[PDB]
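Student: pasting the structure only:
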């Protein structure tokens, strides 16, 4: 970006009680945050998230609350936000690398783990169980979004009609979403605390596939549990999804007979959810990417 120097970053961090070496890497793929991998003067590795624009205070305080809450309930590491202002978010680096990363240029998937690892399935299922176990009372106490079963279909109906109007959508994708909305028996009669964007990019694991951490908690709220399975089906396939649901159930994960079906519809609905995102932001580059996934390109 060249928007700020290492000295500018050292000054920001020092102002929040963090003294940084001049050894820094950048990740500029984030639309909301400039990301920095930094070293403090004791050799501790830090992740800095520096907001790209003003107005993100509510977003940052909410994620802070979410991390404080999930920290009490998960066996795996989550970011420990020791700094959290409108100017800077900072946490010490966690134990393991993400399951995959994206090529800086092309956004090609680079697997850090053997995708076929069954230790990924057993450990991911345990984490899913602990996240989904987080009590509603505690969620309400933290002023987080709570979607009830009866809220889900109205909301997605409104998303469909909005995205069709503003971005456009293929006849085949629109009819799949309409059939999904009318297919009552797919929709669970309970909602649970979910990560809200749980896919391999946000899961930290050893090379053998043992999940040790989960990052990027900004989207966490009470909603359709199937949202937390959707990101698995794309990258790992339907057989792997079946193995995961079974492993989840064995732990006492609350399922229904159509969780499988709902997950596939949720995954097939990524282009609609990206439509929504790209539409709020108003970034023209993002709207064009949306059109492509929605099949109007």
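Tutor: Good, I have the coordinates. Numbering: from 1, shown residues only.

Student: what distance do you get for residue 280 to residue 65?
Tutor: Relative to residue 65, residue 280 is positioned 22 Å away (criterion: C-beta to C-beta, to the nearest Å). Heads up, the C-betas are built off the backbone N, CA and C, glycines and all.

Student: which one's more surrounded, these two?
Tutor: residue 65 (16 against 9; other C-beta atoms under 10 Å).

Student: once you drop chain neighbours, what's closest to that one?
Tutor: Using C-beta to C-beta, 6 or more residues apart in numbering and skipping residues adjacent in sequence, the residue nearest residue 65 is residue 142, 4.6 Å away.

Student: ditto for residue 172
Tutor: According to C-beta to C-beta, 6+ apart, the nearest residue to residue 172 is residue 295 (6.8 Å).

Student: distance of the one you found relative to residue 167?
Tutor: Note on residue 295: its distance to residue 167, by C-beta to C-beta, is 11 Å.

Student: tell me which of those two has more neighbours.
Tutor: Neighbour totals were compared for residue 295 and residue 167, and residue 167 leads with 22 against 14 (other C-beta under 10 Å).

Student: roughly how far apart are the more buried one and residue 286?
Tutor: Distance from residue 167 to residue 286, by C-beta to C-beta: 10 Å.

Student: list residues touching both of those two?
Tutor: residue 278 (C-beta atoms under 8 Å, 6 or more residues apart in numbering).

Student: so who does the most centrally placed residue in the chain touch?
Tutor: In the chain, the centroid-proximal residue (C-alpha atoms, centre = their mean) is residue 197; its distance is 2.6 Å. By C-beta under 8 Å, 6+ apart, the contact set of residue 197 is 216, 218, 219, 231.

Student: of these, which pair is most distant in space?
Tutor: The most widely separated members of the contacts of residue 197, counting by C-beta to C-beta, are 218 and 231 (15.1 Å).

Student: when the two are compared, which one has more neighbours?
Tutor: Neighbour count, other C-beta under 10 Å: between residue 218 and residue 231, residue 231 has more, with 21 against 16.

Student: list phi and psi for that one.
Tutor: Per-residue torsions, residue 231: phi -70, psi -20 (degrees, to the nearest 10).

Student: for the stretch 51-200 of the chain, just list every one of the helices.
Tutor: For the stretch 51-200 of the chain, helices defined by DSSP state H, counting those that start in this stretch occupy the ranges 57-71, 118-132, 136-141, 152-166, 171-182.

Student: tabulate those helices in CSV, adding columns for distance to residue 42.
Tutor: Below are the helices of the stretch 51-200 of the chain laid out as CSV (distance: least, C-beta to C-beta, whole Å):
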stretch, distance to residue 42
helix 57-71, 23
helix 118-132, 30
helix 136-141, 34
helix 152-166, 47
helix 171-182, 52
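
Student: so which of the ones you listed is the most packed in?
Tutor: By mean neighbour count, with neighbours taken as mean count of other C-beta atoms under 10 Å, helix 118-132 ranks first of the helices of the stretch 51-200 of the chain at a mean of 20.
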